[PDB]
Amino acid sequence: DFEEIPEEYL
Amino acid sequence: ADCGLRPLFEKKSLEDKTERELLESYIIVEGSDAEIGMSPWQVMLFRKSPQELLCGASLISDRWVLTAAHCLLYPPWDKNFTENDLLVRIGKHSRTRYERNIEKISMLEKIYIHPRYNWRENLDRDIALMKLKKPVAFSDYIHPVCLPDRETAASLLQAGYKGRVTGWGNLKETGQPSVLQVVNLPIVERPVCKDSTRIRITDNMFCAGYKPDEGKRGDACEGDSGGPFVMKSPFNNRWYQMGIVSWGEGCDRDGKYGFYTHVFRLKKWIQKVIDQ
Ligand SMILES: Cc1ccc(NS(=O)(=O)c2cccc3ccccc23)c(O)c1CC(=O)NCc1ccc(C(=N)N)cc1
Ligand code: NA
């Protein structure tokens with residue numbers, strides 16, 4: 001249930 | 001340095017709602033929501049693959065994060081993370097949301113586990129360092145905690161003296177919080193710690209928590225591992241990290257206590273690694 005983090009953080 | 005002085009509290013001379021409880025003693029289950037910027041050294045160790053919480057941790061400089069060794073390495077459970085398996089998230093309050101313009105997400109350069117971490121027996125020397133790839137920018141929400149000197153450790157690590165534990169772990173031994181949780185807990189006499197468990201306790205551990213007859217409750221739990229047990233020095237008003245959430249038998253059980261890595265006792269190793 002964790003919000004997707006920016007893809008730039010790998 | 002400027003360690004242990006919180007931008008949203010000590011730096012502007014505001015007190016948080018329970019820090020006085022700690023001072024009055026210097027003579028997460030059953031915690032509360034943290035205030036914004038209450039624990040600006042709090043770090044979340046975050047798994048990349050199944051995107052999930054792995055552990056708590058703490059920020060001790062712009063490039064170094066402290067955690068429990070068992071957060072990274074515990075062979076009995078087939079745990080052995082490498083640097084690339086995870087991220088550290090710094091400046092957080094909400095457990096699950098990406099906190100845009102507030103949190104900073106850092107990648108790991110290198111993990112260092114204490115060479116005599118006893119994962120085979122009793123989690124003796126349950127301590128690890130993580131060097132970040134890039135320095136993190138300090139902010140109102142991101143600021144390092146101090147590590148104790150011998151004198152601060154001796155003066156404050158006394159039975160009855162309270163410290164504070166924070167994390168995003170389970171609220172019960174068998175739900176999860178929307179935001180970072182906090183609880184103040186008293187350090188316990190070493191004989192009472194020893195008599196509460198079958199595990200062999202060492203001088204690199206201490207325990208904390210209320211006794212059954214004291215009425216008040218609270219404990220760390222699964223998911224809080226690696227997070228800080230901190231104390232606010234009455235001498236210089238700075239927060240010091242005395243412990244690391246290590247282990248416990250269940251969570252908030254009557255007659256049981258939470259065990260914490262004794263940071264001061266392992267500080268020579270910490271400095272050895274940082275000096276490189
Ligand atoms: C690696 C590990 C292995 C076993 C346990 N469980 S345990 O604490 O009973 C324990 C500690 C030391 C040696 C053990 C050997 C055999 C079986 C259990 C052991 C453990 O708690 C952890 C660490 C862990 O899972 N910590 C999460 C946690 C954090 C805080 C608490 C708490 N304060 N109640 C409880 C649990
Ligand atoms: Na208890």
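Within the stretch B:234-276, can you find the residues that are among the hydroxyl-bearing types (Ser, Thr, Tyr) and in contact with a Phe, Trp or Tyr (Cβ under 7 Å, 6 or more places away or on another chain)?
Keep residues of the stretch B:234-276 that are among the hydroxyl-bearing types (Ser, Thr, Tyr), which gives B:240, B:246, B:257, B:260-261.
Once the filter is applied, which keeps residues that are among the hydroxyl-bearing types (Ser, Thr, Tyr) and in contact with a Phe, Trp or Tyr (Cβ under 7 Å, 6 or more places away or on another chain), the stretch B:234-276 yields B:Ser246, B:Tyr260.
Given B:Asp149, B:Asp140, B:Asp203, B:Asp195, which one is closer than 29 Å to B:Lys11 by Cβ, surrounded by fewer than 17 Cβ atoms within 10 Å (Cβ to Cβ), acidic (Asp, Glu) and not assigned by CATH to the domain that holds B:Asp85?
Values: B:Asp140 fails: not assigned by CATH to the domain that holds B:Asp85; B:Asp203 fails: closer than 29 Å to B:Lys11 by Cβ; B:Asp195 fails: closer than 29 Å to B:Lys11 by Cβ.
Of B:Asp149, B:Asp140, B:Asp203, B:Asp195, the one residue that is closer than 29 Å to B:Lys11 by Cβ, surrounded by fewer than 17 Cβ atoms within 10 Å (Cβ to Cβ), acidic (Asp, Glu) and not assigned by CATH to the domain that holds B:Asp85 is B:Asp149.
Quick check on the stretch B:254-276: of everything there that is among the charged types (D, E, K, R) and away from ligand 1 (no atom under 11 Å from the Cβ), which residue is farthest from B:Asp149 (Cα to Cα)? Full working, then the answer.
Here is the first cut: in the stretch B:254-276, the residues among the charged types (D, E, K, R) are B:254, B:256, B:265, B:267-268, B:272, B:275.
Narrowing the set further to residues that are away from ligand 1 (no atom under 11 Å from the Cβ) leaves B:254, B:265, B:267-268, B:272, B:275.
Details: B:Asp254: 33, B:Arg265: 10, B:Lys267: 9, B:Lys268: 11, B:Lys272: 15, B:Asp275: 17 Å.
Among those that are among the charged types (D, E, K, R) and away from ligand 1 (no atom under 11 Å from the Cβ), it is B:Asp254.
Anything in the stretch B:85-95 that is surrounded by fewer than 17 Cβ atoms within 10 Å (Cβ to Cβ) and at the interface with another protein chain (Cβ under 9 Å from one of its Cβ atoms)? List them, or say none. Write out each step before concluding.
Going through the stretch B:85-95, the residues surrounded by fewer than 17 Cβ atoms within 10 Å (Cβ to Cβ) turn out to be B:85, B:94.
Within the stretch B:85-95, just B:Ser94 meets the criteria.
In the stretch B:34-63, which residues are away from chain A (no Cβ under 14 Å) and of a type in the set (A, V, I, L, M, F, W, C)? Outline the logic, then answer.
First, pick out the residues of the stretch B:34-63 that are away from chain A (no Cβ under 14 Å): B:34-43, B:55-63.
Across the stretch B:34-63, the qualifying residues are B:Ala34, B:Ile36, B:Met38, B:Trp41, B:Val43, B:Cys55, B:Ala57, B:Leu59, B:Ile60.
Return a yes/no flag: does the stretch B:91-99 have any residue that is assigned by CATH to the domain that holds B:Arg238, touching a strand residue (DSSP E or B) at 6+ places or on another chain (Cβ under 8 Å) and away from ligand 1 (no atom under 16 Å from the Cβ).
Within the stretch B:91-99, the first condition is being assigned by CATH to the domain that holds B:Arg238, and the residues that meet it are none.
Within the stretch B:91-99, none of the residues are assigned by CATH to the domain that holds B:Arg238, touching a strand residue (DSSP E or B) at 6+ places or on another chain (Cβ under 8 Å) and away from ligand 1 (no atom under 16 Å from the Cβ).
Please enumerate the residues belonging to the stretch B:254-276 that are more than 16 Å from ligand 2 (Cβ to nearest atom) and part of a loop (DSSP other than H, G, I, E, B).
Going through the stretch B:254-276, the residues more than 16 Å from ligand 2 (Cβ to nearest atom) turn out to be B:261-276.
Matches in the stretch B:254-276: B:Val263, B:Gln276.
Quick grid of which residues meet (1) within 13 Å of ligand 1 (Cβ to nearest atom); (2) in a loop (DSSP other than H, G, I, E, B); (3) touching a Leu at 6+ places or on another chain (Cβ under 9 Å):
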{"position": "B:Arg217", "(1), (2), (3)": "yes, yes, no"}
{"position": "B:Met231", "(1), (2), (3)": "no, no, yes"}
{"position": "B:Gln241", "(1), (2), (3)": "no, no, yes"}
{"position": "B:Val245", "(1), (2), (3)": "yes, no, no"}
{"position": "B:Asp252", "(1), (2), (3)": "yes, yes, no"}
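Check B:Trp77 against each of (1) within 20 Å of the chain's Cα centre (by Cα); (2) surrounded by fewer than 17 Cβ atoms within 10 Å (Cβ to Cβ) and name the one condition it does not meet.
All conditions pass for B:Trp77, except number (1).
Looking at this structure, is B:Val245 of a type in the set (A, V, I, L, M, F, W, C), touching a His at 6+ places or on another chain (Cβ under 7 Å) and under 16 Å from B:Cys55 (Cα atoms)? First the steps, then the outcome.
Details: of a type in the set (A, V, I, L, M, F, W, C): yes; touching a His at 6+ places or on another chain (Cβ under 7 Å): no; under 16 Å from B:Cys55 (Cα atoms): yes.
Taking the combined requirement at face value, the residue does not satisfy it.
When we count neighbours, we look across all protein chains shown, and the Cβ atoms used for this are built from the backbone with ideal geometry, even at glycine. The values are calculated or read from the model by the stated rules, or taken from the named source; these are not laboratory values.
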